[PDB]
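The data below hold one chain only, encoded as structure tokens and taken in the form deposited in one PDB entry.
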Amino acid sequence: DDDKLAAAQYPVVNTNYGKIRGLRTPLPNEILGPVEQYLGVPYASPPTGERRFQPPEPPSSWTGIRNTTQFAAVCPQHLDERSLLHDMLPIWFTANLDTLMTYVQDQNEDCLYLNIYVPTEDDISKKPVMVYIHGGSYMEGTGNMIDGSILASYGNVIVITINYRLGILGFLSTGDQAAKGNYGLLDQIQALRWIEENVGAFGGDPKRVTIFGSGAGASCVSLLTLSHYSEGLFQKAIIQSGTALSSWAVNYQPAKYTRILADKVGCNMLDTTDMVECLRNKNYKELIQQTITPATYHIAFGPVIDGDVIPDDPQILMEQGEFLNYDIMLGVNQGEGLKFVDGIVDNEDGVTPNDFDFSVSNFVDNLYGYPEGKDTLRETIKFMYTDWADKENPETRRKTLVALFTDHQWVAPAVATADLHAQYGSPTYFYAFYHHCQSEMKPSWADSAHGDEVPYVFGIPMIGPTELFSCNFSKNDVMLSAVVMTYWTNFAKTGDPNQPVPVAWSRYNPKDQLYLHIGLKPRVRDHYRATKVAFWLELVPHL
């Protein structure tokens, strides 16, 4: 280096595709060191024209030095704001999205970019790498929305956020060879390949890559641990409030929704090859502006069992042992399913016996459909989710309904995953998350909800302002963020959330079933919601 100061302030890295120039970025927090930011790094060719509804290809090489100093365009996205998938998004998701200048007026089908946050800290070795897969129900979001600077600086790990194709463009499938689906997953895989080959140039360790995600990102992470395409690309996974086993994780009726789309957009031809080519040439505004409403608690565009990328049912893939070679941390938040009681809560924060019966009846219609012994099943669910010690209390009735949806959609599938992963000694760690930041939009009576661990994972309380991310942070929030980031980055470094940086988080196994209660008072407990989980995992599959 000749101009050593320029080389420090505007660091240049030589990738396999050419040189890029990033930005050394100080962090306002006095005790956090600067990070190098490389924003808008292309990891694949633009999936445009004939590459729409096709797997991603490697990016083009270049000569000279390419600036990677600001966020690239976001993947095209729209979704009906009354959609159940839209209403299940975190309380902070939309407001934070609208903060992004790239989101607001820089959507582009050319969107396969990633963002890299490198600690400037000097190890006097190669740093662990944490790769984040954002949520948003497969339809919305961007890696740009998460600043990985503080996690990187606090943990002395490289943090990478990725953009992958969303919605129709990422997941359209015909259920046959014309459009095999899973484009967004293949994008994630191609990012991980790029990372494997290029992260060494940033001082990163390809042999210590952890993938992590929340919501639909956690479903993606779970699905990647079960695909042969992912092998040798990462060694650890953290799975936050999502799984491969939930009703909205996989689309079992892709052809139906693709046809509904085609007909809304002037592609009424029956031949699937011609229909796909017609959609392939449609202006993308036309496509993403359509409202294709799935059956309740299901998805219209998302991952499919294609027989290749996802060879079979996720339960079967877990039973066959695909994910056993990864160390896995996974968990849930106490009241993920808060939106389940949207509409049915009164001004005294209660629900009526009538509302309860209706809600359970609709739950069974939508999630079980018409199984052997449906009437028995509905009755047994009502019984299990009634508090017989206080059966006239309307506020308790509200709580049990949130519990029903939380248990079924998040808790039982997480525990099933944990049990399938831990059953032969593969390292497994389970958490239940009990804290949430103060937010005026949230009801007083609400527990930790869907997306509420995310501010703690990314160290947002340390950024500076008390009022950010739809939160009002306290000193306890700062402490809890530090606890969480230490566990998460320790895990990335060693596969053990207790090592090397200093309460002991014990390993999960199906026998003792130890889990970390994460809150202001972290503590190891056992058999999380054991009776309700056993209900869903053991009794119900016979009713």
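Numbering starts at 1 and runs along the sequence shown. Between two forms, the rigid core is the largest collection of C-alphas that superpose within 1.5 Å.
The protein also exists as the form deposited in another entry; that form is not presented, and the subsequent description refers to it.
Superpose on the rigid core and name the single residue from 466, 296, 108, 438 whose Cα moves by 2 angstroms or more between the shown form and the other one.
Result of the superposition: 466 is the only one at 2 Å or more.
Checking residue 255 here: with the core superposed, does its CA move 2 Å or more between the shown form and the other one?
Where the cores coincide, residue 255 shows only a C-alpha shift between the shown form and the other one that is less than 2 Å.
Does residue 308 move its CA by 2 angstroms or more between the shown form and the other one when the core is aligned?
No, shifts by less than 2 Å.
Quick check: residue 323 between the shown form and the other one - does its CA shift reach 2 Å or more after fitting the rigid core?
Yes, the C-alpha position differs by at least 2 Å between the shown form and the other one.
Pairwise C-alpha change, residue 94 versus residue 446, in the other form against this form - closer or farther, 3 angstroms or more
Note: Cα gap between residue 94 and residue 446 shrinks in the other form.
Distance change of 3 Å or more between the C-alpha atoms of residue 446 and residue 83 in the other form: closer or farther compared with this structure?
Farther, not closer.
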